[PDB]
Structure formats: structure tokens, C-alpha cells
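Asker: sequence plus experimental coordinates follow:
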Amino acid sequence: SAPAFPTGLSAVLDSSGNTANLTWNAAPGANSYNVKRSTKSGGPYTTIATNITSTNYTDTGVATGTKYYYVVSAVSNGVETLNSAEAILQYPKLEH
């Protein structure tokens, strides 16, 4: 009876630590998404973007060097869903 909600959220820095690049799995039923952020694990979260219609978002507002935590929700025929499971901001994996 709950509408479906975003899952699989990943929040990855670019290699300069300047931006946070989010990606998540689409929520069946969604028209758009809300991106939310906290400086501490578990929130409360602060909304940073609304009316996002793709399954990705770049958060350019992070302080370089600071840990952040994110969740994303969907808005589905005007009804906001649960927030996703939390993603911990991380640098990308170094390859090879």
C-alpha cells in the first residue's frame, strides 16, 4: 500500500572532492524526486533539490573535505514517498 520509493542510492565524489554525484534506482510511480542531505548519519535531512526528473543529481554545494549523507524520495501523483536508504558520500574507487 506504500508507493514504491527510490533505492540503491550511491553518492560519489569527483576526483577533486568538489561535487557529489548521486544515482539511484527509479521508483515505479514517480513523477519526480527530492534529494536530501545531512552532515550526520541518520539525519534529520535537509532538502537540497526538488522536481528532479532524472535518476541522478550532482550536488555542487558540498564543502570540499566534509562527510555527507543523502537520501532521495519520489513524488508520485503528488504523494511524497519514503526516503531511500541512506548513502554515505565517498570518493571514487581507484582502479587496477
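Answerer: Everything's here; your move. Residues are numbered from 1 along each chain as shown.
Asker: please, where are all the strands along this protein?
Answerer: 7-13, 20-25, 32-38, 46-52, 56-59, 69-76, 79-80, 87-88 (DSSP state E).
Asker: residue 11 - how many residues pack around it?
Answerer: By other C-beta atoms under 10 Å, 24 other residues sit near residue 11. (Each C-beta comes from the backbone N, C-alpha and C, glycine too.)
Asker: so what's it up against?
Answerer: With contact set as C-beta atoms under 8 Å, 6 or more residues apart in numbering, residue 11 has these partners: 20-22, 59, 68-70, 87-90.
Asker: out of those residues, which are buried?
Answerer: Neighbour-count burial (16 or more other C-beta atoms under 10 Å) is assigned, among those, to 20-22, 59, 68-70, 87, 89.
Asker: pick out whichever of those residues sits closest to residue 80.
Answerer: If you rank those by distance to residue 80 using C-beta to C-beta, residue 70 comes first, at 16.0 Å.
Asker: make sure that closest one is actually in contact with residue 20.
Answerer: Yes - applying C-beta atoms under 8 Å, one finds residue 70 in contact with residue 20, separated by 7.4 Å.
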